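Let me begin by presenting the structure, written as structure tokens, before commenting on it.
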Amino acid sequence: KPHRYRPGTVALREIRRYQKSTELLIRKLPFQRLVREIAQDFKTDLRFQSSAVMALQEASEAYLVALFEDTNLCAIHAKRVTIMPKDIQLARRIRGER
Amino acid sequence: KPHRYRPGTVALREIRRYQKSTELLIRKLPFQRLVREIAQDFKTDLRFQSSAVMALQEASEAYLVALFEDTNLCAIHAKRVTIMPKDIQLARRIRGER
Amino acid sequence: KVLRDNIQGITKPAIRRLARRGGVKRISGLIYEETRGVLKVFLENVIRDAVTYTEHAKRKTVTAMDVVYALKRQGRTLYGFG
Amino acid sequence: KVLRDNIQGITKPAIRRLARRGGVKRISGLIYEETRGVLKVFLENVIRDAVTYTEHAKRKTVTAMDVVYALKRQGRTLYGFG
Amino acid sequence: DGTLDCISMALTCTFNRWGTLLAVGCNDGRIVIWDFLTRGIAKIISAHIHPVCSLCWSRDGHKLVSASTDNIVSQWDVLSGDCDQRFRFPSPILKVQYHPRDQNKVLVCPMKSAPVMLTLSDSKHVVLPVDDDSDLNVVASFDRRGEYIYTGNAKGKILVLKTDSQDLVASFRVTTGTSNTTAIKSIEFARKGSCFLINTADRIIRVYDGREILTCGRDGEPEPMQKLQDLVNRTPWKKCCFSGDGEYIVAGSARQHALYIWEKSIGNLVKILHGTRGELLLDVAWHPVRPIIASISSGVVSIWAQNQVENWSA
Amino acid sequence: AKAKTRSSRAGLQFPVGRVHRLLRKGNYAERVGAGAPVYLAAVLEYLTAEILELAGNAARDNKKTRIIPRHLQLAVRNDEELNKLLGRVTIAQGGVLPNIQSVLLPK
Amino acid sequence: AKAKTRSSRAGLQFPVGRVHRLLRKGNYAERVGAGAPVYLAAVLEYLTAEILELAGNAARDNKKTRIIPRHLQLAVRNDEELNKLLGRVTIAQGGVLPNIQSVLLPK
Amino acid sequence: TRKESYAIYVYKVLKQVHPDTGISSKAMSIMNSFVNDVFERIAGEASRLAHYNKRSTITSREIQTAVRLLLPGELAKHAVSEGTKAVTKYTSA
Amino acid sequence: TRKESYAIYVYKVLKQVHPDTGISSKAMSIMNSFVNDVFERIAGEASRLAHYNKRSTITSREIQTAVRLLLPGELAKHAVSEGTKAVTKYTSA
DNA sequence: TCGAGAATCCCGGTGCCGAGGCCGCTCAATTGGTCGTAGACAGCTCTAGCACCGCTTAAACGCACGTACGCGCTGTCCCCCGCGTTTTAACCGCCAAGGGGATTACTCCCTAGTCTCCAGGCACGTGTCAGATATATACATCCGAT
DNA sequence: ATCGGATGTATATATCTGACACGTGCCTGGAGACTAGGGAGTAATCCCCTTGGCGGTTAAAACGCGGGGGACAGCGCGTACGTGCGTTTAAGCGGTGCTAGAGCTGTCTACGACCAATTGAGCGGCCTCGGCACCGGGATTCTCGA
């Protein structure tokens, strides 16, 4: 008889754990390659200080945390518990990102 | 047989008219007395340049227009057409006013 | 010559016309006075900074430039007056 | 040694862990790649300004100070690096 | 749009010069040469008892080559059904391929060894070289003109050698978007010109033109004429090849049992023939002169008829 | 001793001498370059031309000769890049451009 | 004649002379007042004292001595005035204060 | 007291863009305030950049970087083209 | 290269308020950058205010007004208190 | 609704590298003077703000009332959570080359600073016409009877 | 879906102005000319940090696999809110009136600028040790079918 938690319970536990934790939730090398690929739009052979790259990545990560925060807020305001792309677009619209 | 428009139609017409118009939608002297009464919190016998007072009033009016804008946005997102105080509080929360 | 309790200087039809400008169709009553608070709150920021500038200017009245600077330092800069 | 098409460097479980940090319980699939765009969009601002600073510095790489200044001029200042 | 229930235990499928005969290397080690026109058996040759991992038709549509899991490579004829040749070598073979312009040289790709071109006339064979020296999983294929051999290693490095001298006429390590390396799944060609394709393990079919490949030579930076993949499901394709006319290209999604046909010039997806979800797709090929697609799923052959607008409106 | 204003030397309509004096006495740097005020007056002139073009366009559209603040608001809101420049700026007598949301329409 | 730093005379720990040099080289005025750097060092010392006191309290609550960025972020978010001062600021390794909405709780 | 402004220059550029049209006093004040605001933005960005490069001489390159930072996209492109043209015309005196 | 910072002073203040409490170099750098940012903001506001009054000498009054502007409420109150106390202590000698 | 079971708290032990105390070694802070000037202060002006009157009237308060939209409940159903397996490529540790970053030493071309001169800009009048206001009209639009 | 009707809105014309275009005299800030100095540009070198690559591990991403539960649509309802009609209120104009305080000018002084002479606070660099990261395990605590 295999045991399975009800949906959301594991999600809530992971939420608590990650709110308690502090490390980066994005893999280093993929994000670094992404930053290089995007910077290719402005000049080639552009190097980066590693610390600068993780600083950028963590600032953008915190911005993503904040964005998910207000999307969650508008979602719980809409009497829903599942975020939807319209909610993200609404959050970015209220923040003045479009 | 008296005639009466359906609800909202007169509201939509007034919306169009006011979006077309430009004058201040707040009476001058009440707002001026309100500004004096509120400034009483910092120093008495404080005078004000009339132009400065209407500048403040119109800036705050435009801020109110903007606020009603995002409250309308969150309302139409909530599948509703009537703004509610929770929606204003949500808008001010997303804007970072609390 | 002392003023007080004129927060009702803003009226329900005034707020309603303002919301109409904001494109609002239907409004609940509990909004109106609520909005008032918000408005008042807003002033308690800029108004304060306003007099503060005059406080540094050693003057006794407020100029347009004062409220412009107050709105500017609050990320809500305004044009038309300097 | 040329990079391209690595926008999928951000993965669905990574975005999901990030949302969990943001306290999100349930997420729709149409969010994930959507979020990607947003993220990319964000970079196209700061990244740009970043190189611009280096562009003025007549250098060829990016320093931490550069991205700090870029985030600062965008109202998203960051501490820990100067 | 069809199937072949008379054919069972199927493992591979190949088309002759006219594509009218489908060779099916069965699970019990037999080769069913099934005729397309009569929709029936043209020949059955009980080759061995080991499942045939790959077959390959002759240029004149007369000879055939079987590669059983007994480490046995053999050559047979369509009419006599006699074992013209049989040999055993370790490192079981994944791909055998006749010389498109010669009836003596045949490419054979072993698991733990570099590809070897064996002569059908005598006991002579040429072992193809290796760049990274540690492939241990290498593919290779003759060019359409029968003048070159493309060899793909397990790290994206490709060596184009001459089919006779095996000298380095071109070389290039392809990127993977993320600038990493990827084991080459297959290197296949078309019947027209020199436009060919490489299916990789990082789910990107690269439609290249061998003219620029031969032009770049050493340390070239060749970019494909087209890029093909499934952006929405990210399916690693078990086998990919051109259509009958070559303007279109079919890929066999084995994980979800489907076929995906794109174009070549613009490369836009022509359509998707998604078979029955139950079975597991293994092989795929296109009739070289007919709009027919012969697939093989879980060991049974399925047919796909891209019938034109007639036969119901005329 | 041939008199000639620097604005004419740059062929512009903005006072290069005035902006140079302002950059000097505005405490932005210990020293100010020679061509920096020219360049700054040039970019200011370009921005003013860009905004006034749409301003006069809206004014003529409304059959008004003298441009009014409402026309300035319409100009800065209709443009994308200009609105992005003034994203957090309000205008005296500006108002808001005519904008009615989709669902708000009657049905 | 011996020399004592102004911070010693002002009874302060932050370098008054360094703040004076920064103000001079910062192009904020033609000449900085005498007591202005003293006042600035004082207010900076007070702010640092407040934030470090809150951070150390959080660290002692977490049964640790070394103040890590998590403690700093938690202390910043655990004060209304400090938050409003740094609401537009992102702290390294900060994360978010443990917070879960109401409806997200099961029943 | 001669409280200066930019009114005459805005009037001139308006006449050179649209001679028939005019402008009210309030709109002229809005234009003056906007000019002052954008110019102060550019000056602040130039000062910050000069401090970041530890240079005490704000030159044309600093203004180029500042305008490329502030104005978005095509506005920045046209602005830097106009500025380069103007500075080249001036230096060629 | 001698890189000026505030690490020793943050350490002293920490030891004052918290004797037996440690601090990480990362958190120390965050605190240093925070001091730098607060100082930049205060100096900028004071300079703008002084320029708005057509003055040219940033003095204690300017810094006090700038602190009253930037910090909200009781933070600004205790800040102006501490600043006035330090000014008194320094001017007494 | 009480155990079963899985995830967390905590206790103790191991080992490490960052935090911290300490050391020469600057150079930036301090101290003492001299100079030129920023503004504190006094004093005079006028004007713009403040305050009351009265007058007309558009606008606000309140009511009645239909009515339609928020809200609450049902039911379905997709779809995303949950957890197993299977893949991979992130990571980490290490080694390599060099390439731009950073510094230092010259060198001067550029700019601050000063005095001279006049000329564009600005305060201030002065006609004057673009637009703000009223009126009658003509048309576009919502809405109920059919 | 349609037509008659009421209502509201766009238009032309009158016409009336007051803000606006501009013409003027005068001021002073900007252009000319010249001199000093030294921030910035150039070059040459040293080197740290970057990019690059390879191999082993596995934590993690990918895929799939049930299944329960929130999203959503529909339905009913009733309460709150638009809407029109009144009655009532201060809002707005403008008008005069007083003068408190902006706002300007003129000092004259105390206050940094600045330069030079002096040197310990502070900082790169160096050991060094223990708080903390990691871990093994065992108790502890939340959850899910009875």
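Each residue's number is its place along the chain shown, starting with 1.
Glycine too: its Cβ is placed from the backbone N, Cα and C atoms.
Going by Swiss-Prot, these are the annotated features:
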type	residues	note
CROSSLNK	G:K2	ubiquitin cross-link
CROSSLNK	G:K4	ubiquitin cross-link
MOD_RES	G:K25	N6-(2-hydroxyisobutyryl)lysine
MOD_RES	G:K63	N6-(2-hydroxyisobutyryl)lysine
MOD_RES	G:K64	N6-(2-hydroxyisobutyryl)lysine
MOD_RES	G:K84	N6-(2-hydroxyisobutyryl)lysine
MOD_RES	G:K84	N6-succinyllysine
MOD_RES	G:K84	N6-glutaryllysine
MOD_RES	G:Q93	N5-methylglutamine
MOD_RES	G:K107	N6-glutaryllysine
MOD_RES	G:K107	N6-(2-hydroxyisobutyryl)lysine
Specify the nearest of the recorded positions G:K2, G:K25, G:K64, G:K84 to the residue listed as 'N5-methylglutamine', where nearness means the distance between Cα atoms. G:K64
Measure the Cβ-based neighbour count of G:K63 (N6-(2-hydroxyisobutyryl)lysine), defined as the other Cβ atoms within 10 Å of its Cβ. 6
What Cα-Cα separation, expressed in whole Å, is found between G:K84 (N6-(2-hydroxyisobutyryl)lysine) and G:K64 (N6-(2-hydroxyisobutyryl)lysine)? 27
Recorded positions listed as G:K4, G:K64, G:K84, G:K107, least Cβ neighbours within 10 Å: G:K107
Fewest neighbouring Cβ atoms within 10 Å: which of the recorded positions G:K2, G:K25? G:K2
Inter-residue Cα distance where the pair is G:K2 (ubiquitin cross-link) and G:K63 (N6-(2-hydroxyisobutyryl)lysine), in Å: 46
Just give me the nearest neighbour of G:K107 (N6-glutaryllysine) among the recorded positions G:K2, G:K4, G:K25, G:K64, Cα to Cα. G:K64
Fill in the CA-CA distance, G:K4 (ubiquitin cross-link) to G:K25 (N6-(2-hydroxyisobutyryl)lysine), as an integer in Å. 23
What does DSSP say about G:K107 (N6-glutaryllysine): helix, strand or coil? coil
Ten-angstrom check, please: count other Cβ atoms within 10 Å of the Cβ of the residue listed as 'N5-methylglutamine', all chains counted. 19
Chain A contacts from recorded positions G:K2, G:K4, G:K64, G:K84, C-beta within less than 8 angstroms, listed by sequence, come out as none
Work out the three-state DSSP category of G:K84 (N6-(2-hydroxyisobutyryl)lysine). helix
Measuring Cα to Cα, how many angstrom lie between G:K64 (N6-(2-hydroxyisobutyryl)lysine) and G:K2 (ubiquitin cross-link)? 43
List of the recorded positions G:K2, G:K4, G:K25, G:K63, G:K107 facing chain I, defined by a Cβ pair under 8 Å: none
Rounded to a whole number, how many Å is the Cα of G:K25 (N6-(2-hydroxyisobutyryl)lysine) away from the Cα of G:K2 (ubiquitin cross-link)? 27
Per DSSP, to which secondary structure element type does G:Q93 (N5-methylglutamine) belong, with helix, strand and coil as the options? coil
May I ask you to report the DSSP-based helix, strand or coil state of G:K25 (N6-(2-hydroxyisobutyryl)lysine)? helix
